[PDB]
Structure formats: C-alpha cells, structure tokens
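These notes concern the structure reproduced below.
Nothing in this text is a laboratory measurement; each read-out follows from the coordinates by a stated rule. Neighbour counts run over all protein chains shown; Cβ positions are idealised from the backbone, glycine included.
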Amino acid sequence: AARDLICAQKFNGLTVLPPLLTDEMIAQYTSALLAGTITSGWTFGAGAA
Amino acid sequence: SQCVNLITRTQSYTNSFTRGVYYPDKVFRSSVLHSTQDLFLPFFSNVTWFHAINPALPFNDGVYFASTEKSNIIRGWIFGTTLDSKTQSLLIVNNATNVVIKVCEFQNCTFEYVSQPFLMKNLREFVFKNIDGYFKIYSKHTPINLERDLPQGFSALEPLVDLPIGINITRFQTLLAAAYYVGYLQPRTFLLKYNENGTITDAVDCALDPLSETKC
Amino acid sequence: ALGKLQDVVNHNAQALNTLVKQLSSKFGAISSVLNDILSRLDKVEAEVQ
Amino acid sequence: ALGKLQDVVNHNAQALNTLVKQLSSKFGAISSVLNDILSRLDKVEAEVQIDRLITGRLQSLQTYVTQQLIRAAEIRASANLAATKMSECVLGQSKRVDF
Amino acid sequence: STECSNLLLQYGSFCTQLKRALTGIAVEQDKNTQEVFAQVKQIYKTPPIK
Amino acid sequence: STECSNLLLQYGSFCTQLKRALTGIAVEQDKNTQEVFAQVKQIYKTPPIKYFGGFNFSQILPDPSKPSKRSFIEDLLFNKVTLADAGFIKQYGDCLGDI
Amino acid sequence: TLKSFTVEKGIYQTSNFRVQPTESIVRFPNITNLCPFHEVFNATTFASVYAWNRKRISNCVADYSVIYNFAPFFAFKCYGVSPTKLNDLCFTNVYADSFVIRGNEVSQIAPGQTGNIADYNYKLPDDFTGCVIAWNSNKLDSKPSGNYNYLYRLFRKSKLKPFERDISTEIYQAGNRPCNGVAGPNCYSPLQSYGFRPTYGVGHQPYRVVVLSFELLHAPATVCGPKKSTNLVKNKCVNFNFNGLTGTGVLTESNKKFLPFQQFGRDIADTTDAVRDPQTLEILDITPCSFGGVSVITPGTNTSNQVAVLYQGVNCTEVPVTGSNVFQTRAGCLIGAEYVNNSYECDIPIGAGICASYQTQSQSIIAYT
Amino acid sequence: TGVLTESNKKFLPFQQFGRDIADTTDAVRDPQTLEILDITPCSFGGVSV
Amino acid sequence: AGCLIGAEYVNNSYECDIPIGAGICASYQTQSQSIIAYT
Ligand SMILES: *[C@@H]1O[C@H](CO)[C@@H](O[C@@H]2O[C@H](CO)[C@@H](O)[C@H](O)[C@H]2NC(C)=O)[C@H](O)[C@H]1NC(C)=O
Ligand SMILES: *[C@@H]1O[C@H](CO)[C@@H](O)[C@H](O)[C@H]1NC(C)=O
Ligand SMILES: *[C@@H]1O[C@H](CO)[C@@H](O)[C@H](O)[C@H]1NC(C)=O
Ligand SMILES: *[C@@H]1O[C@H](CO)[C@@H](O)[C@H](O)[C@H]1NC(C)=O
Ligand SMILES: *[C@@H]1O[C@H](CO)[C@@H](O)[C@H](O)[C@H]1NC(C)=O
Ligand SMILES: *[C@@H]1O[C@H](CO)[C@@H](O)[C@H](O)[C@H]1NC(C)=O
Ligand SMILES: *[C@@H]1O[C@H](CO)[C@@H](O)[C@H](O)[C@H]1NC(C)=O
Ligand SMILES: *[C@@H]1O[C@H](CO)[C@@H](O)[C@H](O)[C@H]1NC(C)=O
C-alpha cells in the first residue's frame, strides 16, 4: 500500500544507472593504497614498491 | 475467347537480398545521409518465385514486381478490387508496342490515360505503389549474371510515370516460360547514402537487427 | 561530520522529486492528465491542450 | 592519444550543426520557411505563425549559448591548469608527487 | 500516447541533446571515480605479521 | 524579413545579452592562450652549435626548412588532429564557387 | 549601440551589413486557359453526399475573385491559405467537389471531425489545405410536398477513410436473421431520404457545399494565376519567384546533374540550394548575397574623433552596399587604417596577428603586426 | 493501461479513487463489484547495444 | 544493470574494454570469434 518515491520515479520515465565500480572494488583500491603506504613509504608512487 | 492456357502456377519462396530501393522524393541531394519514412520492402524478406509453365494476388500497400525473362512474355498488369463488371470495376491494363494505360473500366467507356511513350541477361524491377490517388510506378533496367537468384548489390529505382486514379485496389493479376517475383511493401524507415552525384549507392534498414538500429 | 556527501545525496534526490512533481501541473490546459484531454475533446482542441 | 583536442573540435562542430539543423523545424506552425508563411496567409495568422517560429528559434539559440558558457568554464579551468603546469614544470623543478 | 509523440516530433532535436548531455554527465562520473581511486597499478597487501 | 524583425523587437533584450555572452567567451579564449603561452618576456634563440652534453633535442627544436617554424613533433601533432578550417580565409569567397 | 556618449579605446561590434536586391523577377509557366468554376458553382442539380462528383482542374489561369459573383455565401472559408492571397502563389493540381447536406452537419466538413457524414459519407484529410464554400439553398432544394431527391447513409460496418466514396446499396445486417434483400426486423435500408421542406427552421434547411482542395506537392505547377512573367537575369542579387520560391539570392549557372523528374536541389544546407526554371529547361544555382559583421576600431572620444571600420569575412572586392586606406587582413578587410612596416605591442586587437594603435606620427590610426 | 492486481489497501467506504505523487492513479474501485484493484504500469526500460 | 543477451559469461578477469554496469565489462576475443562478458 505504501508506494515508494523510487517506484514513481522509475515509473514516470526516470532511470538511475548503477556505477561502474562497486563499493567492494573501491575498498580494494583503498586497501591497496593503504598497504603500499604502510609497507613502502613514498616509493610505490614513483616506480616499484 | 476465354480459354485456360497454362494457368497452373507453382510457388517457391526465396530471399529479397537487399533489392528494391527507390527515390522517395523529387529533391536532388549530394553526399547526404538522409532518413526517409516510406513504404519500402524490408531487407532479407520473403519474396516469391511464381512459376507458370492464375486466380489473383492480394495487393497490399505496394508490390515489388520483377521479371528475368528475356522472351518478353511479361507485357501488362491488371489491378482493381474485383476484375469484372458492376461494383469496384477497374483496369490498369498495359501492353507492348506503344504502351497505353487504359483505365476504361469494365462497367462502360469511362475515363482514360491513353498516354503513348514506350515503357521499356537482364532483370527488370518494378514497384507499384497506390498512395493519395497517384499510382506511382518505378523501374530500373539492370544487367544480371552469376546464375539464378536475386543478385547482391544496390540498384536505385528511378521513377517512370505517375497516375492519379483515386481508387480501391485489392487484387493484382499479371498478363501473359514465365517466372516473376512478387514482394510486398510495409512502412519502414531507411537511411539512404548519396554519393557525389544523386545516385543512391547504399542503404540501411533501421529495423532489421540492433546493429542497424545503432547505425541509424 | 559528513554533511557534504549527505548534501550530494539530497540534491540529486530532490531534483528528481521536483521533476516527478512537475507532472501534476496544468500549464494553462484543462487537465494535467493526457488521457482525459484525449478522451474529452475533438482533434484540434486536444491538440492545443 | 590526442582525443581531448579532437573532442574540442568535435563538440563545436556538433553544436553548430545542431543549431543549423534546428532551422528546419516547424514548432507547431504550418511551414518552416518564413517566405511561405508571408506568401500564403494574411497579416494576423501569419503573424501568429511567425511568433511560433520566433519562440522556437529563440529557445534554440538560448540553449546553444548556455552550453557554450558551460564549455567555456570547463576550458578555462583546463587552461588555468595548463598555465600552472607551464610555470612549475617547465620554468622550474617540481617536488609535487605525480605533478 | 501516439498523438503526443506525433506533436512532439515537430519540435526538433531537443531530446537528442538532452540525452547527449545526460550521457556525458554519466560517463564523467565514472571518469571522476577512476581518476581519484585507481591511482595504483598493482593490488598490494599487508603481510600477516602486524 | 521586416515583419519578423518587427515582431522580434517586442521580445525585449534577449539578443543583446546573448551577444554579450558570446563576446565574453571570445575574449576569454584569447585571454586563455595569452596566459598559457606568453610567459616569457624575450624571444631567446638557441646557439648555432648543437652540443648539449650528448642530449640531442633535434626533434623538438625548430628547423628552417618549413615555411612555418615548427618542430618535427609539432608537425606530427598538427597533422594528427583533423581540424577544420572553420570558415577562416574568406568563407563567402570559398562558398561562391561552382561546386 | 553602447547606450553611452563616451566610448573607451577598443574594438566594438556595432551591426551587420548586407547587399540589397536590385530587381525582382517572376517566372510563371505559359498558360492561357480559363476554367469553368461557373460550371461548379452554378448548376441545376447537385450530387448527393454519398455520390459526390469530383472534377479535375489542371492547366488553368484561375481568377478567384469571380467566385463571389456566382454564389451568395456568407464566408469564403479557407483553412491553410488566405482567400484573398490566391492570385500570387500557385500550386499544381486543383480539385472540385459538390454535394448537398443539411444545416446540422455543416460544421462536420472539417479535418479531424466526428459525425454521421464524416464517418459514413464524406471524410476530409487531417492535413487539408484549400477552400470550403457553403451556402443555404432553401430557395432551390425545398418543395412543399417534400424534396426526397437527396439521400444520405446512416448504417455501415466501418468508418470511411479520407477522400472516399461509397455508392453501394445493400441491406444492413442489424441482427442475426438474414435480410436477403427484404426489409423487416433488424433489416434497415442504408439510404435514408431527406425530407427537405421550406416550412422548417433554420437548422434543418438544405445547404449547398462546394469544396476546393489544393494539391501542394513537388510536381511542376499547372494552375497559376494571371500574374505577368519577367525576363531572366543572372549573376546579380535579385528577388526570384521561380515556382513558389520567393527568396533573395544570386543566380549562377549550375553543374548539379538533375534527374529528369527532379525539380529542387536541397543539400544539407537545405533552403533550395538549386532550382529549375519553368520557362526554359536549364539548371541554376542559389547562393545568398554578400553579408557579414561590422566592427568599429577607435580610441576614446576624450583623445580623438577618428575611427576605423573592419568588415569580417570580406576581402573588400565587394565591400560597398579616413576613407582611402584599404588594407587586406585575414580577419576580413580593413577600412580607414594605414599599414606600416613596424612592430609594437598590441593596443587594439583586430584579428590573426594584426593589431591597431593610435599613433602620434599628423595623427592617424595605424595597423601593424 | 497497466496491470490490474488484487489490492490490500484500506479504502474507507466514502473513497473511490487512489492517488500518489504526480497524479498517479494507483488504485481504482470497480463500479459493479466492491473490490479494490491496484494499477501498476507494464514492464519497460532501456535497450543498449 | 539488467540482463545481457548475446554475450557469454566467462570465469576470467581482464581489463575493462566496454563498460556495462556494476563491475561487468565486455570485449571481443579471438579464442571461434565471440563476444564475452566478465568481471
Ligand atoms: C638526433 O636525432 C635525429 C633524428 O631526428 C638524428 O638524425 C638521423 O640520424 C640517422 C643516423 O645518422 C640518419 O639515418 C637519419 O637520416 C637522421 N634523420 C634526420 C637527419 O632527419 C640525429 O643523428 C641525432 N643526433 C645525433 C647527434 O646523433
Ligand atoms: C518464407 O516463408 C516460408 C513459410 O513456410 C518459410 O518456410 C521460408 O523459410 C521463408 N523464407 C525465408 C524466411 O527466407
Ligand atoms: C475496398 O474493397 C474492399 C474489399 O472488397 C471493401 O471491403 C471496401 O469496402 C472497399 N472500399 C471502398 C471505399 O470501396
Ligand atoms: C558522378 O558522375 C560522374 C560523371 O557524370 C562520374 O565520373 C563519377 O564517377 C560519378 N560519381 C559517383 C558515381 O560517385
Ligand atoms: C511555353 O514556352 C516554352 C519555351 O519558352 C515553349 O517551348 C512552349 O511551347 C510554350 N507553350 C505554349 C503553350 O506556348
Ligand atoms: C447557370 O448556367 C446555365 C447554363 O450554363 C445558364 O443558363 C444560367 O444562366 C446560369 N445561371 C446564372 C444565374 O447565370
Ligand atoms: C578574396 O580574398 C582572397 C583571400 O586572400 C583573395 O585571395 C582573393 O584574391 C580575393 N578576391 C578577389 C576578387 O580579389
Ligand atoms: C448491477 O450489478 C450488480 C453487481 O453485478 C448487482 O448487484 C445489481 O443488482 C445490478 N443491477 C441491476 C439493475 O441489474
């Protein structure tokens, strides 16, 4: 009975597309940056870690 | 008199193979990709190969007629709703020699369009639309090789005559060793490619496959 | 603390909400429903609406 | 590799082509050609059709100007970044990482 | 409604440029996320000793 | 068309501010190019000798064979972008031909 | 254009210039025939609404001011064209229709209308252009014993498409029992006779309707009014009236190989880039006359009173629509500023590598690189 | 147009129609039987190649 | 991002050629020529 706002937004012709990178991949990228910063300093941003 | 001379027809369905593109207007264009919505036959459709060696054909929104016979047995065509006297009587009878298009119906010395000029290894192609009273006829004389079946390529169909009847046409009959192709038209959208001159050399059917939808 | 990302969510929510709500307006016509305009009138007057 | 400059050319080519192509629309009138309306009708009804065409072409031109203003702002931001890179990369040595 | 579409076809190509603008915005969002987060070429990991 | 101009005169001053916006963008483009490139006060010249410790610099320094003093890599970048002439050299004179 | 009385030093865009047309040429096909509109608007008996006649009208010099002297109608109702403007423009094919209806269904003869006549008798197309002429005929089509000579249809299985006729007379099947040509229960004749009498009210009186429909198409025109033609001119800014193509441009001989059926030459530029003469058979080109922008180069009015004028996109070989120093720039051509073989900083920017400045050495406005 | 389903809305006996944002007729009452029918639009979306 | 018709899903992981949706990309690969989809 309780119709959502998103249902009317979708039904009236307006569609929201999903992002290309999921939040798990964003967390993986952030984890890689943290591991490189912790275990290699600034050397992983200018070549090999 | 009346007779029944080889009236036994035989059918064998074949492929259209992207044939039957005509000029949709009276306007000259050069190097423009132009999109027109008109009654064309669709690409890769199901046309027939009626072989007679003949009651009627159901006319609907246009007929793509073709004939590969070099013996010139194909002479004229008959249109109308019912091909006799009384109601809905019509004749669009044509012939050889001096081509006359006599619209004098069976029932009574009605109106005429007796206009003279001559209509005519080789594959003749014709399109007979009937829109807004005008009976538009298109033609293109094209050489053909490589054995049977409709060839691969693009042959634009130039307009030939025009004919204002304003009539009800439902049936179709070919007047006559005989092999003619009959295809039907439907409302489709095409994209037409003009070269440096006005000759159409490439076309895309905007409703065949999703790749053509992307192209359109 | 995280008011900027909340504003990013809220702006793109209320823009779609306003776009949905703008279908209730008449804009000078006799009805905001298109089927009622088509059913209630002839060709030319409904074409104007 | 040079897709940015090609996009800079292509965007204005597409915008000017769309602005030219918008002149063939009717916008609810009876003809997209002005002289046909001047030669076909009397004063008042052709004035109504001219007003329809004027409103449509004014809307098209305002849309083009707004898109040009937004693209000019983006181009100015990239030009400011390029001027900073010329001042710091070329005219000196930079200690900023990945600059 | 078919009549509304037939009347809307008289107004030109406003829908195509609105669709082009929204498509450019939607591509630009993924470009923003890619240029912020995808800055490292390899996926590093921490050794189990802490 | 005189009647369209008389009917357009009643719509206010939209066109003056559209012209103002377009003129502002046009001035801004030249300001962008002047800010990026003209960062030097005097036109320095490379010496006739071309020894720099073994570093070549031959594909980036200009050569006087071309009528336009451009380098090799600059010629590659100018040939790469399919840039239209955009109606530069007397476009009405170009459009008057029988083509 | 600045809405001010003091102007500062710079370059300002003031207005645009254009080349005015010299002459005006009219090109109409050579027709002399007068076609009998009197044979339509004056007859003893008209056709019925289910059997209306159609007269083909082509290759006629049509004067539309003689219709007002033939029938006493209220309004010369025309939808897509002005009634009084019909002499100037001209079309290809003209049709004439005639039928007699009653007063209640006069308004149903219109595009997009619903009714008995619009569904079963006579339907107009949605994009109709032409003129519809209707007037009362109670003094001719009414009898004291009842005028039963007019028939209208009321029973049919479907609705008529636009510009169609139906003269069939079969008994309608309103039920399950077959009529077999015999009327009775659920068996009604389609032709209901009119009961026209002069003693009725104003709403039930018969009306005479004559319809003119104009076929505006791309075919060559055959019906054009009595307007005199004019001899051809070439290579000049002139107003042309080729078929219905009222416009301004410069006529040159063309090279576009037209097909024998083709008449127009719209490229992606559109706006009839090429055109064919109706008098002789020769292809011609369309290009508009010379125009561009005007930019005024001046220092401030606090300093001096001299200006320089820049025309953009023009090489000053077609310029007219100090005043003697003409310089060819790349951004156009320069009027009123001398060129010097020097080089300074940019004071007033003109175009591609050319600047202007107000120089002390007699004072003058100088242009340089 | 749409898909008619059986409803569990609590229509008080004076009510006949249903509405949400943007004049969306969510529910309807049958004139012959005293039954509530939900109205939801048929399936649609976007096609990418 | 909906469902995909005409492209076969494989249990591999390559660089993103054509972006589809939430972590799904598609590419044209030689190994019978076909269009595949992956993560
Ligand atoms: C600097 O680079 C240029 C290339 O741009 C070198 O010129 C080429 O040298 C080779 C080997 O002698 C020749 O085969 C090519 O024909 C040269 N290309 C030219 C002249 O365009 C040049 O030798 C390099 N400088 C030094 C000092 O080695
Ligand atoms: C044409 O239709 C017939 C109908 O049976 C079918 O067998 C044949 O394959 C069709 N031809 C085509 C699709 O080319
Ligand atoms: C046209 O012919 C068909 C088939 O005989 C018929 O049903 C229809 O009523 C005819 N229409 C007219 C206007 O004669
Ligand atoms: C156009 O026609 C000319 C001759 O009239 C011919 O030389 C040229 O090849 C043609 N261009 C085409 C068919 O693209
Ligand atoms: C009209 O003029 C053309 C050429 O000017 C000529 O060939 C034609 O015979 C003329 N027609 C009449 C009816 O005089
Ligand atoms: C109508 O035409 C007939 C025959 O041409 C003519 O005798 C009659 O006078 C005409 N009517 C009028 C009012 O002139
Ligand atoms: C028009 O301008 C161009 C551009 O320099 C020039 O080459 C040409 O000679 C000019 N036209 C005439 C007739 O001088
Ligand atoms: C109308 O229909 C309802 C339900 O189908 C029924 O209860 C009622 O008696 C009907 N009324 C009449 C007059 O038939």
> What does the charge add up to near residue D:28, with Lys and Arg as +1, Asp and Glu as -1, over the other residues with Cβ less than 12 Å from its Cβ?
Replying inline: 0
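Where a ≥ b ≥ c are the square roots of the eigenvalues of the C-alpha gyration tensor, would you call the protein assembly as shown rounded, which needs a/c under 1.5, or, failing that, prolate if a/b is larger than b/c, or oblate? Show your work: numbers first, answer last.
Numbers: a/c = 1.79, a/b = 1.46, b/c = 1.22.
Since a/c reaches 1.5 and a/b is larger than b/c, the shape of the protein assembly as shown is classed as prolate.
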> Between the range G:85-143 and the range G:1-51, what's the alpha-carbon centroid distance in Å?
Replying inline: 27
> Along the charge dipole of the protein assembly as shown, Cβ charges K/R +1 and D/E -1, which of I:19, G:132, B:62 sits furthest on the positive end?
Replying inline: G:132
>> Given axes a ≥ b ≥ c from the Cα gyration tensor, I'd like to know whether the range G:78-140 is rounded (a/c under 1.5), prolate (a/b larger than b/c) or oblate.
In response: oblate
> Suppose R0 equals 60 Å; then what is the FRET efficiency for residue G:145 and residue B:211 from their Cβ-Cβ distance, rounded to the nearest 0.05?
Replying inline: 0.20
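Tally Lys/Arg at +1 and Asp/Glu at -1 over every other residue whose Cβ is under 14 Å from the Cβ of residue C:37; what's the total?
Numbers: positive: C:26, C:40, C:43; negative: C:36, C:42, C:45, C:47, E:3, H:23.
Net charge around residue C:37: -3.
Using a ≥ b ≥ c from the Cα gyration tensor of the range F:11-99 (square roots of the eigenvalues), is it rounded, prolate or oblate, where a/c under 1.5 gives rounded and otherwise the larger of a/b and b/c decides, a/b for prolate?
Working: a/c = 3.55, a/b = 1.77, b/c = 2.00.
Since a/c reaches 1.5 but b/c is at least a/b, the shape of the range F:11-99 is classed as oblate.
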> Among all the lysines, which ones have a C-alpha under 17 Å from residue F:19's C-alpha, if same-chain residues fewer than 8 places away are not counted?
Replying inline: G:3
> To the nearest 10 degrees, how steep is helix F:14-37 against the longest Cα principal axis of chain F, on a 0 to 90 scale?
Replying inline: 0
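Just list whichever of B:102/B:193; E:41/F:50; C:43/H:9; F:90/G:257 have alpha carbons separated by over 30 Å in the model shown.
Values: B:102/B:193 37 Å; E:41/F:50 39 Å; C:43/H:9 38 Å; F:90/G:257 28 Å.
Going by Cα-Cα distance, B:102/B:193; E:41/F:50; C:43/H:9 fall outside the 30 Å limit.
Per residue, how big is the convex hull around the C-alpha atoms of the range B:72-210? Give it to me in cubic angstrom, could you? Please report the intermediate quantities before stating the final value.
Values: hull volume 22.0 nm³, N = 139.
Measuring per residue, one finds 158 Å³ for the Cα hull of the range B:72-210.
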>> Less than 17 Å apart at the alpha-carbon level, and either on another chain or at least 8 residues along: which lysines does that give for residue B:121?
In response: B:70, B:140
>> Treating only the Cα positions of the range G:16-77 as identical point scatterers, give the base-10 log of I(q)/I(0) from the Debye formula at each q in 0.17, 0.20, 0.26 Å⁻¹.
In response: -0.81, -1.00, -1.26
